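Protein chains: 2
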Amino acid sequence: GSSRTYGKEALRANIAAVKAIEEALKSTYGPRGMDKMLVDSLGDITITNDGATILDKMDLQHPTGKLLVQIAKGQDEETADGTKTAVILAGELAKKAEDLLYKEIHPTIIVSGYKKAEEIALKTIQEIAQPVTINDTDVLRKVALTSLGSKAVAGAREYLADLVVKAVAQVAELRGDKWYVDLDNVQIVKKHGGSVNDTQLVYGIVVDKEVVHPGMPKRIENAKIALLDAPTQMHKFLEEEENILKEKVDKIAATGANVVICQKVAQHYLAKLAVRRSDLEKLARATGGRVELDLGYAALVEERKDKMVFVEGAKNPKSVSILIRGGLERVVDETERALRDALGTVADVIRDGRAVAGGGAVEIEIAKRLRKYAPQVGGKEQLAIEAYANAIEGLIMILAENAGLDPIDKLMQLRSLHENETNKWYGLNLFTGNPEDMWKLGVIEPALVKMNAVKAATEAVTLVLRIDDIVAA
Amino acid sequence: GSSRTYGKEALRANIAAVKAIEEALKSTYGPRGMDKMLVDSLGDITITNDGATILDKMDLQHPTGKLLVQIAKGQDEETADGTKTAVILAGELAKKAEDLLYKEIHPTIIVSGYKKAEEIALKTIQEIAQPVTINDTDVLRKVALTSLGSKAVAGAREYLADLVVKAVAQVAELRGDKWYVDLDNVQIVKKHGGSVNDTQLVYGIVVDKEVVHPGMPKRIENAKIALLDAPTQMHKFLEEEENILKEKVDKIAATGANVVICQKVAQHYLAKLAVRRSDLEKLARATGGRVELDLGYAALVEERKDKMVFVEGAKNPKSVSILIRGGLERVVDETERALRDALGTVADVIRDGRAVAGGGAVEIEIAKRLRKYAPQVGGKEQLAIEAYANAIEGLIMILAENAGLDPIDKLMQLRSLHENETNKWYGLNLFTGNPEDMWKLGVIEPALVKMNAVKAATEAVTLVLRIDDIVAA
Ligand SMILES: Nc1ncnc2c1ncn2[C@@H]1O[C@H](COP(=O)(O)OP(=O)(O)OP(=O)(O)O)[C@@H](O)[C@H]1O
Ligand SMILES: Nc1ncnc2c1ncn2[C@@H]1O[C@H](COP(=O)(O)OP(=O)(O)OP(=O)(O)O)[C@@H](O)[C@H]1O
Ligand SMILES: [Mg+2]
Ligand SMILES: [Mg+2]
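Residue numbers (UniProt numbering), protein chains in the order written: chain Z, 21 to 250, 268 to 301, 306 to 313, 317 to 321, 325 to 338, 344 to 345, 349 to 360, 364 to 531; chain R, 21 to 250, 268 to 301, 306 to 313, 317 to 321, 325 to 338, 344 to 345, 349 to 360, 364 to 531.
What follows is the structure in structure tokens.
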């Protein structure tokens, strides 16, 4: 025994799976949006509004949904943002395809329409965007703040916004006639007992070591660094192992190193600087050293009051550390998850120097270009392009409907404001119900994240259409 | 206990099996055609439109269908194309035989009709086709492109089309007063990190070796090649095994070889070229060597920046390698499955120098010859030949019906266009709904694949008729 299902009934059964997976996410479309409660088989309780999190702990019985979710998860590791937008948009394009199938259009006309709209949308995003550079640091601060905000740690402590902006403004490499960065170049340190304004940047590389040995010179300058993975006969062996302590000095003097860090007593003779205990790799990347004596170099090393050790002016100038100290664990452990995602959004601007307004300002310029382009295509395909435009505007209703407003009128006001000339940045504010200019409010996101949202939605829906039949064996 | 079933009811039960197996395939008749989803017993999901793939993972309860599928699978290994056409045509000839049995004609009249139509069809294909040669490289490019297209790798990167055309235009042997080729003569290499336009031909034989030993002369010219499957007493054995390293030099000097490849250190003394590690068979076929020292010969050997090793101008000039490097695995692994099937279609033209238009242009010349021939046969057999012609035209409805068009009118327009003189290449375009000239659009397939489609369909249906009774024990 096995089941075969084919034709319109298999296509309806696939669309009813996509409109279920989108229904699970619709309400959490941020900001100012609801959370979901997830309970596991053990009885743990979790509260979340992070879509990449929900899609790993919800569980899905239907195989076509299992393909849609896999595309939306694959979407999160390539770019890091737009996990929910690429599911909502893929929900709307299917819901509006259902209106075209009742007019008896064949699916290969619809799919040819969508893949003919997406290529004029991606051109329009590159046309309406505006360029930005590292020197435009106000715009970098506005992007950081927008990605950072809506948690307890926020731009009420705007020191966090300058902290991240300065930290990646330091690490700028130049490649492809453009700037380049990666998160491997900038490191955190996390500890408890502190304050969120006590967190600081350094322009140096730092470890929260509570001890280094007391006789040693706690300031070292214009210096060389080494990073290391390095009865009667019983008394002779015991001495031979105590002489192996002096063999550390013997081989440091063989190379002239000043501070010497080893993975895992005779420290009075060394004092006549040792660090007791993947971080040696970070020190090597800062110092230019290597983990037989190969040395690295730095302008200053210090230990200072909890208690800490600092390296400053290491040979590679494009490396930075930041330290978070907070009074409770719950603050620190989510502040990392906010702060490095903010920095990893600034990096999505800096890797490609365009920026576009949030708030639904992009969708309504796209929904104008399509409705001016559709009369040129003329055939049955014209109904598929106009059915695409109605599905992109249908996104910002899910943004207005979510902040308590009346959705239809607060769509019509925006569309009428865009029929006037210029005005291209008007969109929804969400902390007051009226439309406002999104650039002067400073609400911005990088173009690469919108392009990935549009492309992963069209790729996901044109794989749910264009399945005729289901066989199992 | 056992079952016996005989007469009209056994014949109806066989035809209802053939019209089920054809019903599973009808919609995927390409291009621009739907896919099917196949789920296995483990829970893996697969999406496909390749008929030779569907028929191995669908599973079939009925024994007559199990014979039809076995003929259609056997069809794919002899010629490589026409797995679906030979099932659809075998579906139509049975569906139209059912209309003749209700007029009470006996089955041995029908089968005598079909086997009397197929012999005038095979003559007509040899009459209406047009010849082609290697020098007609535009037609080779058009055939390559038609077989290559409708994937992400396509003639948007037309470098792939010239890549394959040049690659088999080099390997041409002459036999039977005709050209001859096989796929054993041309080899690929596949690696990750690349681009689809970074893929290149060579007119040489190549391995993506990331290393060869650093002292050795990395350029060798007008050269000879060897291809090889080749306490106190403990110190004497250890030395005897180290002298066996120098015995490689000792036996290379005994034959004067310049580069020496062995299946599975003293390389400084060899340097005073060694390759560290079925490919020795390919090198032997290029070099004219053999895997006791038999040597092969080549004009140049080089190692160059990833990193690679090249052999150029080997003794046999009718051997070629191509290299695919792509930025992701998913691209490379299906690009092989497209690119070698494109090349293995050019080989189906070159092995037999006729070509015929696609798009349903052949079917409507055959459906004219039959309806002019049928009045000569005169008896009850006349109804079986005209019932054959209606079943070949009934194929291009499944091509028009599939691209969203209205099927009947877009048949009648083609038939009326063929009642005019010449025009013999008019057929369906599928990227716009009107008929167009298929030769100027460049849509071509080799005659040997159509002949195998006609012959394997008539052979499959005349075995489903002409079964009277089913016995089991
Ligand atoms: N201050 C704001 N005012 C208006 N719209 C905003 C504001 N901040 C963000 N948005 C909009 O919120 C949407 C993104 O919603 P949300 O942040 O919940 O999902 P996401 O970040 O894409 O998801 P994920 O982080 O899981 O990938 C975009 O349309 C964006 O422009
Ligand atoms: N560009 C085209 N326009 C019109 N018809 C085309 C075009 N390309 C191919 N065809 C037609 O498509 C049919 C073959 O369909 P399809 O390629 O799906 O099956 P197949 O190649 O025979 O199957 P398989 O590859 O599994 O053996 C032939 O009638 C051919 O002439
Ligand atoms: Mg976001
Ligand atoms: Mg084919």
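Each residue gets a CB set at the ideal place from its N, CA and C atoms; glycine is no exception.
Can you pull the chain Z neighbours of residue i, defined as C-beta to C-beta under 7 Å?
| i | result |
| --- | --- |
| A461/R | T128 |
First and last residue of the alpha helix (DSSP H) that includes residue i?
| i | result |
| --- | --- |
| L120/R | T105 to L121 |
| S325/Z | That residue, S325/Z, is in no alpha helix (DSSP H); it is neither H nor E in DSSP. |
| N280/R | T269 to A290 |
| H82/R | Segment: none, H82/R is in no alpha helix (DSSP H) and carries neither H nor E. |
| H476/R | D467 to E477 |
| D101/R | That residue, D101/R, is in no alpha helix (DSSP H); it is neither H nor E in DSSP. |
| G437/R | From DSSP, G437/R is part of no alpha helix (DSSP H); its letter is neither H nor E. |
Note down, in chain order, every chain A residue with its Cβ under 9 Å from the Cβ of residue i.
| i | result |
| --- | --- |
| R52/R | Of the protein chains in this structure, namely Z and R, none is chain A. |
Output the distance between the C-alpha atoms of residue i and residue j, rounded to the nearest integer angstrom.
| i | j | result |
| --- | --- | --- |
| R337/R | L330/R | 9 Å |
| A405/Z | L386/Z | 29 Å |
| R359/Z | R321/Z | 18 Å |
| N155/R | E328/R | 31 Å |
| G351/R | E97/R | 34 Å |
| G371/R | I225/R | 9 Å |
| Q300/R | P268/R | 32 Å |
| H309/Z | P237/Z | 11 Å |
| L160/Z | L401/Z | 10 Å |
| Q190/R | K376/R | 7 Å |
| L457/R | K39/R | 18 Å |
| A515/R | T103/R | 10 Å |
| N242/R | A44/R | 59 Å |
| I289/Z | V231/Z | 21 Å |
| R388/R | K211/R | 11 Å |
| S215/R | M455/R | 40 Å |
| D326/Z | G235/Z | 25 Å |
| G169/R | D158/Z | 49 Å |
Can you pull the chain Z residues whose beta carbon is under 9 Å from the beta carbon of residue i, in chain order?
| i | result |
| --- | --- |
| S215/R | Neighbours of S215/R on chain Z: none; closest Cβ ~15 Å, over 9 Å. |
| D79/R | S22, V529 and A531 |
| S47/R | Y26, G27, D526 and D527 |
Please list, in chain order, the chain R residues whose beta carbon lies closer than 9 Å to that of residue i.
| i | result |
| --- | --- |
| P83/Z | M57, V59, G63 and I65 |
Just to confirm before moving on: does the CB-CB distance between residue i and residue j stay below 8 Å?
| i | j | result |
| --- | --- | --- |
| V414/Z | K513/Z | no |
| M54/R | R412/Z | no |
| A114/R | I528/R | no |
| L381/Z | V209/Z | yes |
| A511/Z | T166/Z | no |
| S22/Z | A531/Z | yes |
| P504/Z | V59/R | no |
| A518/R | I74/R | no |
| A192/R | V206/R | no |
| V378/R | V296/R | no |
| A396/R | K171/R | yes |
| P493/R | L463/R | no |
| residue 348/R | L345/R | Within chain R, the sequence of modelled residues goes 345 then 349, so residue 348/R has no position in this structure. |
Taking the continuous beta strand (DSSP E) assigned at residue i, which residues delimit it?
| i | result |
| --- | --- |
| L248/R | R239 to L248 |
| residue 362/Z | No atoms are given for residue 362/Z, which sits in the stretch of chain Z between 360 and 364 that the model skips. |
| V369/R | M366 to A372 |
| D406/Z | First-last for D406/Z: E387 to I408, but that is the alpha helix (DSSP H), not the beta strand (DSSP E). |
| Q190/Z | Run containing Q190/Z: none in the beta strand (DSSP E); it sits in the alpha helix (DSSP H), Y179 to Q190. |
| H309/Z | Here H309/Z belongs to no beta strand (DSSP E); instead the alpha helix (DSSP H) covers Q308 to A312. |
| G133/Z | Per DSSP, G133/Z belongs to no beta strand (DSSP E); it is in the alpha helix (DSSP H), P127 to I148. |
| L506/R | Taken as a continuous stretch (DSSP letters only), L506/R belongs to no beta strand (DSSP E), being part of the alpha helix (DSSP H) at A505 to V519. |
Quick check: does the Cβ of residue i come within less than 7 Å of any heavy atom belonging to ligand 6?
| i | result |
| --- | --- |
| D96/Z | With respect to small molecules bound, the structure shown includes ligand 1, ligand 2, ligand 3 and ligand 4 and not ligand 6. |
Mind listing the chain Z neighbours of residue i? Cutoff is C-beta to C-beta under 8 Å, in chain order.
| i | result |
| --- | --- |
| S377/R | The premise fails here: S377/R is roughly 39 Å from chain Z at the closest Cβ pair, so nothing lies under 8 Å. |
Quick one: which chain R residues come within Cβ less than 8 Å of residue i?
| i | result |
| --- | --- |
| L87/Z | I65 |
(request) Give a yes or no on contact between the region 433 to 445 of chain R and the region 126 to 138 of chain R, applying the rule of three or more CB pairs nearer than 8 Å. (result) Flag = yes, the region 433 to 445 of chain R and the region 126 to 138 of chain R touch.
(message) I'd like to know if the region 111 to 127 of chain Z and the region 478 to 493 of chain Z are in contact, where contact means that at least 3 CB-CB pairs between them fall below 8 Å.
(response) no
(message) Measuring CB atoms only, is the region 44 to 53 of chain R touching the region 62 to 74 of chain R, in the sense that at least three cross pairs come out at less than 8 Å?
(response) yes
(message) I want to know whether the region 179 to 193 of chain R touches the region 212 to 232 of chain R - three or more CB-CB distances under 8 Å.
(response) yes
(message) I'd like to know if the region 134 to 148 of chain Z and the region 441 to 454 of chain Z are in contact, where contact means that at least 3 CB-CB pairs between them fall below 8 Å.
(response) Between the region 134 to 148 of chain Z and the region 441 to 454 of chain Z, the count of Cβ pairs shorter than 8 Å is three or higher; the stretches touch.
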